[PDB]
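As structure tokens, one chain now follows by itself in the form deposited in one PDB entry.
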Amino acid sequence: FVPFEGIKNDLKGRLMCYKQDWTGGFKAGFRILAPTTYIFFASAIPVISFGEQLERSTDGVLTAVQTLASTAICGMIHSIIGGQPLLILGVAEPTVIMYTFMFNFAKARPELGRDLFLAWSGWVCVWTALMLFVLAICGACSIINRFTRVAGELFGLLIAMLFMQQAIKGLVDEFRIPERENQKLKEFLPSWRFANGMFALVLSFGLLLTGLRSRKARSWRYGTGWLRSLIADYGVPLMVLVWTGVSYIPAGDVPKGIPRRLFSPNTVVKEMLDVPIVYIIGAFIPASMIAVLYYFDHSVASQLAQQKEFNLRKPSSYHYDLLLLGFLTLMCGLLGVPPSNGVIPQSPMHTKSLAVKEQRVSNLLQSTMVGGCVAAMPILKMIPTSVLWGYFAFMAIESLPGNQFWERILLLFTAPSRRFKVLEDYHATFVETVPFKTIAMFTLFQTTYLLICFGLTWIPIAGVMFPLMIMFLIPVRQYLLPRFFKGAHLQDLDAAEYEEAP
């Protein structure tokens, strides 16, 4: 834990390949575009969905333009001066949740209001950058090995639940009058509101079901190899386009705003000095919580992108990456946009697509395209919001497959006389090596923790504390769990490597 040691080590490790990285990227030629476009489509649509969530949750202060710009800037900078180019940057759901909490707090206070929300957010980002610098300097990244599977899987399921809740909220709001739209428009008549809601249900469920079916095209039997690969890779953007075109079918027989489409339109230092000093101090709380969230997620995403099975020939840069994230957080705060952090499963998808051809080019190009999406905002404003709610549900459902916590929940909800069906197919090792009752106790404890965190998320002010509960899982797993469980049981239940059996 010698100060600055990790940063110097990572800088020296990565400084012997910079030219090699760029040249290898250039040598890839035009064949490097397919992974680039694949990751670009994997990253842009979720970012637009988060932007729409912010727009509906920030009264239009933050929209898809801000999230797109933040993603582009942070990604390109991480490409140029980052330590782990394979890591994908963007605006993630936890950041959106923290910003929603911050806005809900700021609005209720006449001192700050909606006009000083961005200034307060920038102060929060300054504090977060300070804490990230402190963490990177004090060598806290040396203990990333303690982020055991339990915490990662619980956080994944929590994010999936948040996505599902957001999709349901969007579908429910599709039946109502938007808060900041004229109420005398013909499209907001009760008949047209009901029609718009029903059309939104149709479009969202069509998108969701077709995407889920298309995810598994390479296991189909019809069509050419290149077509099957194309479907399995781009079923998401293809379905988004198809259901947009479908949404345009009755356009001639219905009012202009049927179905509803993206509401997003086509420096804040001066206001920073106007924030009362007391709130500049009070920005410490959300700043600390955001620092915790980032310290978790960036490290976990880098780890996932740097799995040993990839046989990567270049070292890791956890400390330098955290320092660069602190700087990026500061700059995003100054520019009045939400900060970005490493994202999942975008980084592992980028790594698998590059399978390895490590370079700083693919990420740079994909971030440049995500930024250029801003210049095409008139094109993006053709997408209905029901498609975005369907996409939220799609992400929620797709977070589950590789999660052992979800599998153990399913085992819990399986009838006793039916575990042979579970054994018949692929499964984990703890099913055979561990007694069922211990698995049940573990799953009950994990589920209780997850529901406690989800319920805390609903608290208006104190609900900004869920990163603390997530972080508490490290000391709990370290000390309390061994008391109530026995060695190999915990080791197999909380293995760092995904084990499967035939």
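Definition used throughout: the rigid core is the maximal C-alpha set that superposes within 1.5 Å between two forms. Numbers follow the displayed sequence, beginning with 1. Only residues modelled in both forms are compared.
Counting only other entries where the flanking residues are modelled, do a third or more lack residue 276? No, residue 276 has coordinates in all the other entries compared.
For at least a third of the other PDB entries compared, is residue 245 missing from the model even though its neighbours are present? No: coordinates for residue 245 present in every compared entry.
Is there a break between residue 355 and residue 356, and how many deposited residues does it span: none, 1 to 3, 4 to 9, or 10 or more? Gap between residue 355 and residue 356: 10 or more residues without coordinates.
Count class of deposited residues lacking coordinates, residue 417 to residue 418: The entry leaves nothing out here.
If you look for the form deposited in another entry, you will not find it shown, but the lines that follow are about it.
Which residue in 375, 81, 172, 143 stands out, with a C-alpha shift of 2 Å or more between the shown form and the other one when both forms are set on the rigid core? The only residue crossing the 2 Å threshold is 172.
Quick check: residue 330 between the shown form and the other one - does its CA shift reach 2 Å or more after fitting the rigid core? The answer is no, as the C-alpha of residue 330 shifts between the shown form and the other one by less than 2 Å after core alignment.
Once you overlay the rigid core, does the Cα of residue 253 travel 2 Å or further between the shown form and the other one? After core superposition, the displacement of the residue 253 C-alpha between the shown form and the other one reaches the 2 Å mark, so yes.
CA of residue 117, rigid core aligned, shift of 2 Å or more between the shown form and the other one: No: residue 117 shifts by under 2 Å between the shown form and the other one.
Distance change of 3 Å or more between the C-alpha atoms of residue 55 and residue 168 in the other entry: closer or farther compared with this structure? Compared with the shown chain, residue 55-residue 168 is farther in the other entry.
Cα distance between residue 171 and residue 55, which in the other entry differs by 3 Å or more from this form, closer or farther: Relative to this form, farther apart in the other entry.
If you overlay the rigid core, what runs of at least 3 residues show Cα shifts of 2 angstroms or more between the shown form and the other one? The segments that shift (3 or more residues, C-alpha shift of 2 Å or more) are 145 to 263, 381 to 412.
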